[PDB]
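> one piece of my complex first, more on the way:
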Amino acid sequence: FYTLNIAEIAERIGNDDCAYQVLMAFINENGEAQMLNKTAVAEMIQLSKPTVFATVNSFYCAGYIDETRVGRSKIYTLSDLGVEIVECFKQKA
Amino acid sequence: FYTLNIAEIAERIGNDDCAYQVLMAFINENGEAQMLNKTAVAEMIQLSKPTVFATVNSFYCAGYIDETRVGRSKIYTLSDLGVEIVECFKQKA
Amino acid sequence: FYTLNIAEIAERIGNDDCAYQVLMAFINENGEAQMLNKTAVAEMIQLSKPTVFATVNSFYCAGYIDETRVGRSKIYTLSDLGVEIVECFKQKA
């Protein structure tokens, strides 16, 4: 339905500390994408649960992270869109 | 760069109270899209500033709302993408 | 009820520093009309709040600027009359 420029998105995220760290949390010590529950993310970055959780929620809405039911809770991984956004940043650095 | 299905997004937002209300806040009494600062939104919906602000920020990242500098602060309006998402909901109702 | 000559008005405003700057404040860097709260205007031009606010108020009375409720405060945009007055000035310059 709608075409998306991945460079603008990455540009926007880069200008917003919380979005940026929420995104990068899913990338591990060896550069590999990983699974995380909401609590892990909030613990990993130094921002409050409300901030981090709301960001996680919106990023799943945006389709940047995936949600999958696991136990009676949920886990988050970067979507293919998520991984592509992360790539723009890696190239900068 | 990336194609987007507007129905899935709307589906995701509809399953998340905060995202949904943050989005609809921009639609006024007469059905018209309107401008809002971050404070207006948080005051309008009954959720905490941290939740609402983080959601506003991520929605601008996603390209659902636009940011424009005004005074030395910012204001938010739905993008064309934002308006299209709102339309799916209007059709449901 | 009453017909108005837009040239005389513009002539009057041009002979009055405060009116003139209050009017032009609403025109942005790219020539586009923008929204502003009362504080933005007073901060933007180098005149005191009382002067600027009273001018804003009277200009809304005159129908040169519009008022719209937003949060529990108000915002100002040029009316169609406002835009037409601004055009006379642009043509001079």
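Arrived safely, thanks for sending. Numbers count the residues shown, from 1 in each chain, chains lettered A, B, ... in the order given.

> ok, residue A:87 to chain C distance?
When C-beta to the nearest C-beta, to the nearest Å is the yardstick, residue A:87 and chain C sit 33 Å from each other. Quick note: C-beta positions are derived from backbone N, CA and C, even for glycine.

> for chain A, which residues are neighbours of chain C?
Nowhere does chain A come near chain C, counting by C-beta under 8 Å from any C-beta of the partner chain.

> for residue A:42, which non-adjacent residue is spatially closest?
The spatial neighbour of residue A:42 that comes closest, neighbours along the chain excluded (C-beta to C-beta, 6 or more residues apart in numbering or on different chains), is residue A:52 at 4.1 Å.

> pretty sure the one you found sits against residue A:40.
No: applying C-beta atoms under 8 Å as the test, residue A:52 and residue A:40 come out as separate, 10.0 Å apart.

> who's more crowded, the two?
With other C-beta atoms under 10 Å in any protein chain shown as the criterion, residue A:52 and residue A:40 differ in neighbour count, and residue A:52 comes out ahead with 25 against 16.

> how about whichever residue of chain A sits closest to chain B, what does it touch?
In chain A, the residue found nearest to chain B is residue A:58; the distance is 3.4 Å by C-beta to the nearest C-beta. Under the criterion of C-beta atoms under 8 Å, 6 or more residues apart in numbering or on different chains, the contact list for residue A:58 reads B:19, B:54, B:55, B:58, B:59, B:62.

> any idea whether the first one is helix, strand or coil?
To tie it back to what came earlier, the one meant is residue B:19. helix (DSSP: H, G, I helix; E, B strand; the rest coil).

> to the structure above, add chain D:
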Amino acid sequence: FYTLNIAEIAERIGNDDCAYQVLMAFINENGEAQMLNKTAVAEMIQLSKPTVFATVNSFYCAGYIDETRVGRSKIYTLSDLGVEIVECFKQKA
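Just below you will find chain D, in place on the chains above:
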């Protein structure tokens, strides 16, 4: 160039203490319109010079009051438009 509804204007002025009193100052004890310098007006109503003066200036821009040079200063009288606005109020009362 532009048509004006006198009822809306009067409606706007009635919702603004300063505009209203600045306007009515020109109507005397016997209901007759009178001439006033800027100082007279500010002295007559209980608002600060900056407020009153800026209002007087904008009302002359709007064409509600007339300016005429007298000595090396100026004096203000209601225009025909001014008188017509005053009439709407008289009818209310």
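
> return the set of buried residues in the strand or helix carrying residue A:51.
Element membership for residue A:51 (DSSP states H and E) is helix A:49-62. Of the residues in helix A:49-62, A:50-62 count as buried by neighbour count, 16 or more other C-beta atoms under 10 Å in any protein chain shown.

> can you add distance to chain D and give those residues back as a markdown table?
Formatted as a markdown table, the entries for these read as follows, by distance: C-beta to the nearest C-beta, whole Å:
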| residue | distance to chain D |
| --- | --- |
| A:50 | 40 |
| A:51 | 41 |
| A:52 | 46 |
| A:53 | 44 |
| A:54 | 39 |
| A:55 | 43 |
| A:56 | 46 |
| A:57 | 43 |
| A:58 | 40 |
| A:59 | 45 |
| A:60 | 47 |
| A:61 | 42 |
| A:62 | 44 |
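
> pick the one among the residues you listed closest to residue A:34.
Using C-beta to C-beta, the shortest approach to residue A:34 within these belongs to residue A:56, at 14.3 Å.

> so that closest one is in contact with residue A:41, correct?
Yes: look at residue A:56 against residue A:41 with C-beta under 8 Å: they come within range, at 6.1 Å.

> quick check: neighbours shared by the two?
Contact criterion C-beta under 8 Å, 6+ apart; residues bridging residue A:56 and residue A:41 by contacting each: A:22, A:76.

> show me where chain A has helices.
Counting by DSSP state H, chain A has helices at residues A:6-13, A:17-25, A:38-44, A:49-62, A:80-92.

> next one is chain E, place it on the structure:
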Amino acid sequence: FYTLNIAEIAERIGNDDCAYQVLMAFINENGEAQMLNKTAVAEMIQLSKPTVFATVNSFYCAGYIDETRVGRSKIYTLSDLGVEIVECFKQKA
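With chain E added, the chains above now look like this:
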């Protein structure tokens, strides 16, 4: 109470430089009667303030010029008697 011959008065004024110029000061470039403060008159004719002011005062006593309060000062216009006296002179010239 007392009848007045306008020709004698004009005759008297014509034989007195100061009276004459004080009177004519109120007649403008286009032949139209105008308003003036005391200072304007003294500046307009080349006689000292004391002379001009005393003449203005006496001419208001005589009923040749009118006084009207304006700001917290006064302004002078020819009365109907004043205008009639000016007419005798215009006819000479």
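
> once more on the contacts of residue A:58, this time with chain E?
Counting by C-beta under 8 Å, 6+ apart, residue A:58 makes contact with B:19, B:54, B:55, B:58, B:59, B:62.

> how does it look with 10 Å?
Residue A:58 is in contact with A:19, A:22, A:64-65, B:12-13, B:16, B:18-19, B:22, B:54-62, B:64, counting by C-beta atoms under 10 Å, 6 or more residues apart in numbering or on different chains.

> quick revisit: the helix holding residue A:51 vs helix A:17-25, what angle?
Here helix A:49-62 points in a direction 70 degrees away from that of helix A:17-25 (axes from the mean of the first three to the mean of the last three C-alpha atoms, to 10 degrees).

> send me helix A:49-62 as CSV with only the CA atoms.
As requested, C-alpha coordinates have been extracted for helix A:49-62 and formatted as CSV (Å, rounded to 0.1, in the frame of the first residue of the first chain):
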residue,chain,number,x,y,z
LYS,A,49,10.2,1.3,31.9
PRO,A,50,7.3,3.6,30.7
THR,A,51,9.5,5.2,28.1
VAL,A,52,11.1,2.0,26.9
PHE,A,53,7.9,0.0,26.9
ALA,A,54,5.9,2.6,25.0
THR,A,55,8.8,2.8,22.4
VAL,A,56,8.8,-1.1,22.1
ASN,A,57,5.0,-1.1,21.6
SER,A,58,5.2,1.7,18.9
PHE,A,59,8.1,0.0,17.1
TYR,A,60,6.1,-3.2,16.9
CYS,A,61,3.2,-1.1,15.5
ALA,A,62,5.6,0.4,12.9
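
> distance between stretch A:85-93 and the chain's centre?
Offset of stretch A:85-93 from its chain centre (C-alpha atoms, centre = their mean, to the nearest Å): 13 Å.
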